[PDB]
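# Descriptive structure summary
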Amino acid sequence: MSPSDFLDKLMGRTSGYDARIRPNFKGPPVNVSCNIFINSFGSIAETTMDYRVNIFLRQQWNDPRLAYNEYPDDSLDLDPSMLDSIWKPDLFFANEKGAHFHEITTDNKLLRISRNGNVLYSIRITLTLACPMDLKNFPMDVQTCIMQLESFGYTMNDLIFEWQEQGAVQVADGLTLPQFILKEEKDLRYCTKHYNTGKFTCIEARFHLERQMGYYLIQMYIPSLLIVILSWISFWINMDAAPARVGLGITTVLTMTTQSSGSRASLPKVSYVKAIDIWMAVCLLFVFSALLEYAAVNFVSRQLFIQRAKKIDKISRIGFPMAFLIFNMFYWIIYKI
Amino acid sequence: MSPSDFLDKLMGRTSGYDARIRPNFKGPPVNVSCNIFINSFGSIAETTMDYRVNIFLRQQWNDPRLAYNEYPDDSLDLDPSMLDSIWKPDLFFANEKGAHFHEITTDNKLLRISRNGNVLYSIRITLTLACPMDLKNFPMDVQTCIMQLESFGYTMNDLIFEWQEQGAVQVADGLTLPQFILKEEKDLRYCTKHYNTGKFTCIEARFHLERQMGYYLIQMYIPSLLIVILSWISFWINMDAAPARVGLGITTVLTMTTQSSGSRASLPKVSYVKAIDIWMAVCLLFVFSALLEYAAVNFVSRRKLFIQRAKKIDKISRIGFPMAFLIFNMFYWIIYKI
Amino acid sequence: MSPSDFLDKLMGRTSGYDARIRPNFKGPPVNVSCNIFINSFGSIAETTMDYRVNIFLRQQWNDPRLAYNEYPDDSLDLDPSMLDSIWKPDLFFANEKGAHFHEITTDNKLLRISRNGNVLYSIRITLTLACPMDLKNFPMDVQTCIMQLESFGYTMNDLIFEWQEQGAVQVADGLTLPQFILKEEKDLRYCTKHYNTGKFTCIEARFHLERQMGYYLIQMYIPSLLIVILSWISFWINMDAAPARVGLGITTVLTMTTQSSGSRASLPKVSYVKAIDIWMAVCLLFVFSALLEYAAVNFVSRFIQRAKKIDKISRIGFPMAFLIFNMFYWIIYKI
Amino acid sequence: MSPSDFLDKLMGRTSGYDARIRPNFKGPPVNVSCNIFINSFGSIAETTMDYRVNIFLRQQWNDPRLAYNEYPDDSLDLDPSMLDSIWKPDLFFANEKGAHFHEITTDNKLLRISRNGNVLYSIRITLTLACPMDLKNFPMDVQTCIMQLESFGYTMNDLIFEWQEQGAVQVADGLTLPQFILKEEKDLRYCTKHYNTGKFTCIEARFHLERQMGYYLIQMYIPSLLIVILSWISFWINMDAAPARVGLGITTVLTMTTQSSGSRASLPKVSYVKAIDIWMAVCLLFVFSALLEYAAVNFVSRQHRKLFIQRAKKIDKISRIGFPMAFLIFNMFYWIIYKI
Amino acid sequence: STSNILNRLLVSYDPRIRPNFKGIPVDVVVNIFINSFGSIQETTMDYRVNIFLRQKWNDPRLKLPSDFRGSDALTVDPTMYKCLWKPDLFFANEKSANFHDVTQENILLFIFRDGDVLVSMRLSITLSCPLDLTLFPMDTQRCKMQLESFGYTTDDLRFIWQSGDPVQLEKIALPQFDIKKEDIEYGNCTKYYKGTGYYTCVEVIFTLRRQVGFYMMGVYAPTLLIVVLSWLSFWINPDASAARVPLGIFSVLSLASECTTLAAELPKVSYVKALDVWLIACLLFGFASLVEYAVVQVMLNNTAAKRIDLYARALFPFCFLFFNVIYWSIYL
Ligand SMILES: *[C@@H]1O[C@H](CO)[C@@H](O)[C@H](O)[C@H]1NC(C)=O
Ligand SMILES: *[C@@H]1O[C@H](CO)[C@@H](O)[C@H](O)[C@H]1NC(C)=O
Ligand SMILES: *[C@@H]1O[C@H](CO)[C@@H](O)[C@H](O)[C@H]1NC(C)=O
Ligand SMILES: *[C@@H]1O[C@H](CO)[C@@H](O)[C@H](O)[C@H]1NC(C)=O
Ligand SMILES: *[C@@H]1O[C@H](CO)[C@@H](O)[C@H](O)[C@H]1NC(C)=O
Ligand SMILES: CCCCCCCCC
Ligand SMILES: CCCCCCCC
Ligand SMILES: CCCCCC
Ligand SMILES: CCCCCC
Ligand SMILES: CCCCCC
Ligand SMILES: CCCCCC
Ligand SMILES: CCCCCC
Ligand SMILES: CCCCCC
Ligand SMILES: CCCCCC
Ligand SMILES: CCCCCC
Ligand SMILES: CCCCCC
Ligand SMILES: CCCCC
């Protein structure tokens, strides 16, 4: 009748139940269905190939040794201090890279006991998972950051995890992402892998992340074509201000070089060619061609000749914008596969 | 008579009191009114979408098992050593992004006991709250940062949270913030929500916080003003000094590009348009147009009748552009100051 | 005779001395004497608006339950491992922003017992105090940071703190501070404040801090003077070819802009106008007036005697104004 | 028949097994075979002479006191809560520079018992080991960092470590590194050293790592060739208005110096010359030679007919025909020499 | 069993009391290993060291009886080490430090016949040492590591440097500096704290003389390049003014910007530095080039300024040569 006596006789010293032995010992495996609840995404980075999530984690299984028939009510809750006195799964995260509990005024742990013997256990933890970030089409990128969940000290012939089909990965509404939005649909498959000591149950939930074009698009695309049209208006200058034209052209080259250097320094070093880097390269090539053909037309003007130089200048003036526009159209169509 | 004996008979071994059972078990829910005392803000940064606070925290409730009638005085102070021997709530912060206690020379926790059984429990903790910042009119930003205070393992039928409305958010007197001053108003409502495990109580407070433009005024707008005045002095020069005037033009463009790049560094990468950026970009377009019109007038200059027309056009530009910049400045400021 | 038996009969299980009760219960408060001793400052940074110190911490009081008259020696030490066996105060720090202990090879904690009943208890602690930093006259600044030592879980009528008079805040001899030297004079005053739950004892220890001009002086003022004399030599050029003078002026205004941008990277963002920033603004205005003057004289040229006359008048009058403003500013921010 | 009682009678209180006693005391040493399993490299940056790794760690040895003959089955596992209750080795990493455990929802440690008496104990831990970076041929770098494994509280006369001959250093499949790559061959030798207090067993495992050229190749070598071609077109520019070519050369020098400064910062402070600072310095001296050649031709032009102007044009075309060949052959030597 | 001897040794043994409490102060010796002397950071005024601390002291209560074996040495585990008594020891100039528990706490126990015992706890350290940042490129820094007790006094406990290895590892391979001599002077730093009395000390310094390579190759060559561009400016026709002035003002801008950037890297010291004065001399030389060209133009406009220009371009280079010669000679 006494709740403290009831708790002690259910688990503890005066119970005959040992927390150090897995349920149904020398028998069928233990399922332990688990579902996760996102509570705050974000703080994602790229220089370190990781993202940080503060999530819940709720496990569901049935322990016959914990069956009770005293309290008429079905649902029942327990002080989290009781948790260490009963058996627990050894769930851990494969791509872990640092995680910890939260001890603010209490170890934030929930324990619920069903009448039959089913048990629900939850815990709030914060993780920093490692994601194989791929940056081929960096401005127009789509990524699959994953979390691998598996047991460590139990062979899968004794323990195998599942997910409750009714929204196992339910996600809070108010959460939002800087330079990102996650998609509603979330895949769910298995990752059961083997090691030299056997094979362990592995489960995983993969997320799809989409980065908005806006920030990168505006803040670094716009100066590119801005300086491109600066070169365009530089063509309209005549031959007399040759030092002025060459100085402005080389300074535009400086602007492209420094903007490209900043763009590269923002993003971590990668061997495979990125996407926007071809944009900086092509703008640098266009400004270089502008300066080169201005120098060439000056040389041919010094070396009839004036009319031909003017004709090639107007041909360049009518051609370079057309080539730039067709290149932009080609780029945008080719990076929307 | 002995205080140690009284403590032992009240809680501990020879008391029959178990800290793992909530008061009024299997009955009415418990009332837990709590107040938050602010002690220091600071280190609020937009780079990581958060702010750090160091606050006190006091809960209030009355466990009937704790009632006593031995010591005549109503008040009764206790060593926080006994704290682990009594029942506690499971209070925690939803958006807290890691936090800790202060273990300096002791565990700085105060427990107070009233004659009727009312108990006061206080603990000093330091948090790093995640604030969903918005940066639309960021130069004149006004903010609403919250702290979702909620229980974890107790539903509606078991535990409730309220506020001591008399100074619930009692704040320290002399505190202040860099680039920030907070208003005396503190809104107060409930975040009450549900999960698949049930529903849990909320109480929370939101602090209206705004950033004063002072530093941002000096560092951001003044250099742009200087560069654009340089653009008008570029207008003021004649046409035969083509290398000089155009070099001034591109060099002002360099100042503009470097300034625009520098301002972007502090803020996080956000897709939606900011408020400083439009200022920088539009007066960048002003200096760009300055260079464009100088190039155009040079082209017009290159039998002699159109020279007077070119000079007249230069005068018209040199007159209109200051007026256009001033009217635009007034228009932009009146939009973003309202 | 037996040390173990003596310790057991003094405190612990077979002593009746409970560590959960403060001395002289239901009686007069404990006066308590507490003093600190610095070991090292360091890391004075305005970016985070705080600083870290490494100090000791000593308390003094008398516990009647700890009275003993067996060992002839007055002074008596004890093993730090049995610190928790006896009562201790709850001396914490108001604004502290996170600390720790030193656990190297032992908890570096010292406990001493006096014959009459006085007890000495010292722990080496490393703090990180938040300081209400001010930057009005930044290069010539004088700073005063504080540590609010006080109790937490004991009311003022139950517990008070006090300082031992002779050298309460004695400091190490050879320590030095980058960008700073503290003065030997340190004040001492009470800070007994109130809360809705009651009121508590509170003590203060404030340090006067002065920052040397040297680093900022050289690395900021010298380049500014170099750019001003660049502007002077720009004046000295003939009017003839515009590009040389105009480009020199442009280079100087770029130097001003770059130095203004780089100056404030270390300093924290503050709304109120600083002291160095007004110098940057005024030298930028000097070079701006130089370039505007050259634009005006170019307009006048395209009267040559008037142009050269006004050029000479500017070249002679500008240095006088610069010198008088320089002296005015330095006396204003030095007195 | 109670499963818990077998654990107590095998080890613990009601067993007589003193965990403070190593197996086979006052006798032959213990072989203790061990093998590791990498899970994820990463955060290997030269700025701190170190890299972070996440590996498993398993020990194999035979304990006669742990030998048992009551369970019919061969294999036997145990709850990780009793790991401290039995004796364990004192394996530690000599170079450590920060290490810890994983304490998420449990202490993720595994122990297994063999029927004969041999034991299996595994643990996953995270390391940040010092890697003695050598930056001689930095763009074409080859580098090995050794993971020192040894005992501390047992002399090698009583404790020995050895590797499983069959795949002791078996590695995961899907792992990859940012602009690095680890080769399949991985040496495995001994490191048993001495001290003033004695000598201890010490096993060694070393890796061979390469860095893909691509990133550094493009990001730094492209501007060099760009400035070379820009100096070439500066040569192609005629000599009537000095400030044009003067400013072009000045801007090229600015590009070289700023790019060299930017390359400097990421790489850590070192005394001996690197492999790409030599590239940067030689490109800087080519652009300096370009500006000096322009200064020389300007001096020849204005020293004062056109006979010496003809010689100035001749030296201009000589430079135009020589610098390309010299630059190409120098690049051939440069690239060939550091690839051998 | 074999643990009976140690269990009997520990029973009726009080770790709360140091050996010979009423006797003479206990005698301690130290052998500080140096395993991984980490990189030093000037901006933090700190450096990291990884040591294998070793201590020995007589303990009559820890006398191993000859009844079992009379072993020359005996070994037990860290749990027994925690059970036994230990000498407290805190590092004076320590500011952040911890232990190592990669598998368990690293402690070794050797128990001798006499009663002397040996312990060793590896423990990573980050120290503090006030850098004499003056003469920065040519400096020999003295960062000191000292030990002293806290709870016990000199009349109760004392430290002595054992006549043994203070330096240990030969393959240190420090990134920047290098260590040749490790002499112990001011070894005893017996310290007094008011109201506590005498505390025994043992102290050792590490003498680290910085090399020159990085700074010699990273800054000095750019300075020389800027100076030779200025010399070429001296070798330009004074008639032109849209080229000579712009390149010179660019050179002085670049030199000043490099000066500011390099000065921002070191900790903000409050006195002059060698690199500072080098950059200052270079900057005033550039400004001298600009002002002499301006003077030449002024004289040319309404004697000839060409002779002055050639005299300057012939004389000042030698001035720079022997000035930097004097600089290097005086700083070496
Ligand atoms: C786990 O659930 C699956 C459902 O198909 C089934 O194998 C069985 O019910 C459970 N396994 C156990 C209890 O070992
Ligand atoms: C306080 O009293 C009871 C406690 O269970 C609760 O039902 C009630 O709603 C609480 N609030 C009041 C009375 O305002
Ligand atoms: C201690 O109590 C108060 C508080 O400091 C003080 O005035 C008094 O003199 C002291 N002694 C006694 C016996 O109260
Ligand atoms: C392995 O252990 C056995 C028994 O302890 C010993 O005889 C043998 O020498 C050991 N092997 C090695 C290589 O040390
Ligand atoms: C320190 O003093 C002790 C005795 O007082 C002596 O044995 C030891 O050699 C001294 N060490 C040094 C470095 O002077
Ligand atoms: C990932 C390879 C992209 C190649 C793009 C080529 C575009 C040519 C116009
Ligand atoms: C006492 C030193 C004053 C500053 C000297 C600066 C020399 C460039
Ligand atoms: C969505 C991108 C559109 C670009 C048009 C030029
Ligand atoms: C309070 C806003 C002031 C703005 C001044 C330009
Ligand atoms: C609010 C700042 C004003 C500064 C004027 C120089
Ligand atoms: C220390 C500053 C001196 C200034 C003299 C004008
Ligand atoms: C000319 C500067 C004088 C300063 C006196 C404090
Ligand atoms: C603080 C005084 C400023 C004076 C500016 C002329
Ligand atoms: C792979 C060999 C390349 C040689 C280039 C000159
Ligand atoms: C693989 C080396 C390529 C070099 C091209 C210039
Ligand atoms: C040892 C210094 C070498 C410098 C090469 C440019
Ligand atoms: C591998 C980078 C692209 C070269 C043209």
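Residues numbered from 1 in each chain as written, not as in the entry; some residues may be left out. Chains lettered and ligands numbered in written order. Heavy atoms only, no water. Residues with missing side-chain atoms left out of burial classes, pairs and counts.

As named in the PDB entry, chain E is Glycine receptor subunit beta,Green fluorescent protein,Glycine receptor beta, taken from Homo sapiens. The record lists its title as "Cryo-EM structure of human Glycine Receptor alpha-1 beta heteromer, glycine-bound state3(desensitized state)". In its Catalytic activity section, the UniProt record describing chain E reads: "chloride(in) = chloride(out)". (UniProt positions renumbered as here; feature names shortened; annotations may be inferred.)

For chain D, the PDB entry supplies the name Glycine receptor subunit alpha-1 and the organism Homo sapiens. Taken directly from UniProt, the Catalytic activity text for chain D runs: "chloride(in) = chloride(out)". Under the heading Sequence similarities, UniProt records this for chain D: "Belongs to the ligand-gated ion channel (TC 1.A.9) family. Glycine receptor (TC 1.A.9.3) subfamily. GLRA1 sub-subfamily."

## Quick word on the overall build of chain E
Of the regular secondary structure elements, chain E holds six helices and twelve strands. Radius of gyration (C-alpha) of chain E: 32 Å, far over the 20 Å computed for a compact globule of 332 residues. With the C-alpha coordinates of chain E rotated into their principal frame, the extents come out at 110 × 40 × 25 Å. For chain E, the residues scored as buried account for 54% of the 332 residues in total. Summed over all atoms, the accessible surface of chain E reaches about 15,200 Å², with 62% contributed by carbon and sulfur. Computed over 31 positive and 32 negative side-chain charges, the inter-centroid distance for chain E is 1 Å. (Helix = DSSP H or I, 4+ residues; strand = E, 2+ residues; numbered from the N terminus. Rg over C-alpha atoms; globule rule 2.2 N^0.38 Å. Buried < 20%, exposed > 50% of the residue type's maximum accessible area, 1.4 Å probe, protein only. Areas by Shrake-Rupley, 256 points an atom, 1.4 Å probe, with all protein chains shown as cover. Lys, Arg positive; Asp, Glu negative; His and termini not counted. Charge placed at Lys NZ, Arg CZ, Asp CG, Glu CD.)

## Focus: the overall build of chain D
Check the secondary structure of chain D and you find five helices and 15 strands. Compactness check: chain D gives a C-alpha radius of gyration of 32 Å against a globular reference of 20 Å for 340 residues, more than 25% above the reference. Each of the three principal axes of chain D carries a C-alpha extent, and together these read 115 × 40 × 30 Å. Looking at chain D residue by residue over its 340 residues, the buried ones come to 51%. Of the charged side chains in chain D, 35 are positive and 32 negative; the average position of the first set lies 16 Å away from that of the second.

## Structural notes on the pattern of salt bridges
Applying the stated criterion to the full structure yields 54 salt bridges over all chains. The salt bridge partner of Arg 65 of chain A is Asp 63 of chain A, with a shortest N-O separation of 2.6 Å. Note that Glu 150 of chain C is salt-bridged to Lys 193 of chain C, the shortest N-O span being 3.8 Å. Residue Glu 150 of chain C is found in strand β8 (residues 142-150), and its partner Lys 193 of chain C is found in the loop between β9 (181-187) and β10 (194-195); the two are separated by 43 residues along the sequence. For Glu 150 of chain C, a relative accessible area of 3% gives the class buried. Because the salt bridges share partners, they merge into one network encompassing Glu 46, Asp 141 and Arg 211 of chain B. (Salt bridge = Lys/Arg side-chain N within 4 Å of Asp/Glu carboxyl O.)

## So, the state of the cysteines
Residue and element names in this part refer to chain D. Under the criterion given, the structure shown has ten disulfides over all chains. Through a disulfide, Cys 131 is tied to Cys 145; the S-S separation comes to 2.0 Å. The sign of the -65 degrees torsion about the S-S bond sets the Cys 131-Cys 145 disulfide as left-handed. With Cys 131 in the loop between β7 (118-130) and β8 (142-143) and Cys 145 in the loop between β8 and β9 (146-150), this pair connects stretches of sequence that are 14 residues apart. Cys 145 matches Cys 131 in its accessibility class, with the two residues each being buried. Linked covalently through their sulfurs, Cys 191 and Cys 202 form a disulfide whose S-S length is 2.0 Å. Measuring handedness by torsion sign, the sulfur bridge of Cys 191 and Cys 202 sits at about -95 degrees and is left-handed. Taken as a pair, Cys 191 in the loop between β11 (180-182) and β12 (194-195) and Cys 202 in strand β14 (residues 202-206) lie far apart in primary sequence, eleven residues in all. What links to what in chain E: the bonded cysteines, counted in sequence order, pair as 1-2, 3-4. In chain D, the bonded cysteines, taken in the order they occur along the sequence, pair up as 1-2, 3-4. (Disulfide = S-S within 2.5 Å.)

## Examining the UniProt feature "binding site: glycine 2" in chain E
Residues and elements named next belong to chain E. Within this numbering scheme, the UniProt entry marks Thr 196 as carrying the feature "binding site: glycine 2". Structurally, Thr 196 is set in the loop between β10 (191-193) and β11 (197-199). Using a relative accessible area of 12% as the deciding quantity, one classes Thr 196 as buried. Among the polar contacts made by the side chain of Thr 196, one reaches the main-chain carbonyl oxygen of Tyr 193 at a distance of 2.5 Å. (Polar contact = N/O pair within 3.5 Å; in protein donor to acceptor, adjacent residues only side chain to side chain.)

## Some points on the environment of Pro 246 of chain E
All names here are of chain E. If you trace the backbone, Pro 246 turns up in helix α4 (residues 244-263). Looking at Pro 246, the relative accessible area reads 30%, which means it is partly exposed. When the C-alpha positions of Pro 246 and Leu 290 are compared, they lie 9.7 Å apart, and in sequence the two are 44 residues distant.

## Quick word on the packing of helix α3 (residues 242-263) of chain C against helix α4 (residues 276-301) of chain C
Each pair of packed helices gets described by two things: the angle between the helix axes and the distance between those axes. All names here are of chain C. Where α3 contacts α4, the two axes come as close as 10 Å, and the packing angle between them is 165 degrees. In terms of axis orientation, α3 runs roughly antiparallel to α4. Seen from above, α3 lies across α4 with left-handed handedness. Within the contact between the two elements, α3 uses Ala 242, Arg 245, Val 246, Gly 249, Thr 252, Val 253, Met 256, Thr 257, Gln 259, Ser 260 and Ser 263 and α4 uses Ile 276, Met 280, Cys 283, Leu 284, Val 287, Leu 291, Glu 293 and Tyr 294. Classifying every residue of the contact of α3 with α4 by side-chain character gives eleven nonpolar, six polar and two charged. (Axes fitted to C-alpha atoms, helices over the stretch in contact; angles between N-to-C directions. Parallel < 35°, antiparallel > 145°, perpendicular 65-115°, else oblique. Left-handed = near helix turned anticlockwise from the far one by under 90°. Contact = heavy atoms within 4.5 Å. Nonpolar A, V, L, I, M, F, W, Y, C, P; charged D, E, K, R; others polar.)

## Structural notes on the domain arrangement of chain D
How big an interface is tends to be stated in terms of the accessible area lost upon association of its parts. All names here are of chain D. According to the domain assignment, chain D consists of domain 1 (3-211) and domain 2 (214-338). Here domain 1 and domain 2 have C-alpha centroids that lie 55 Å from each other. Counting from both sides, the interface comprises twelve residues of domain 1 and, opposite them, eleven residues of domain 2. At the boundary of domain 1 with domain 2, total buried surface from both sides reaches about 1,000 Å², with 75% on carbon and sulfur atoms. At the junction of domain 1 and domain 2, the tally comes to zero salt bridges. Inspection of the region where domain 1 meets domain 2 yields three residue pairs in polar contact. Grouping the constituent residues of the side of domain 1 that touches domain 2 by class yields five nonpolar, three polar and four charged. (Domains from an automatic or database assignment. Buried area = accessible area lost by both parts, 1.4 Å probe.)

## Considerations on unusual backbone geometry
Although it is not a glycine, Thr 105 of chain A adopts a positive phi angle of roughly 65 degrees. Its identity as a non-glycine residue notwithstanding, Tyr 186 of chain E has a phi of 55 degrees, on the positive side. Residue position: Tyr 186 of chain E is located in the loop between β9 (157-161) and β10.

## Some points on the site of ligand 4
Residues and elements named next belong to chain D. Every residue close to ligand 4 is listed here: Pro 28, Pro 29, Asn 31 and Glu 162. Interatomic distance of 2.4 Å between a backbone N/O atom of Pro 29 and an oxygen atom of ligand 4. Taking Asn 31, its side chain carries an N or O atom lying 2.4 Å from an oxygen atom of ligand 4. Contact with the protein chains hides 44% of the accessible area of ligand 4, taken as 360 Å² for the molecule alone. (Near = heavy atom within 4 Å.)

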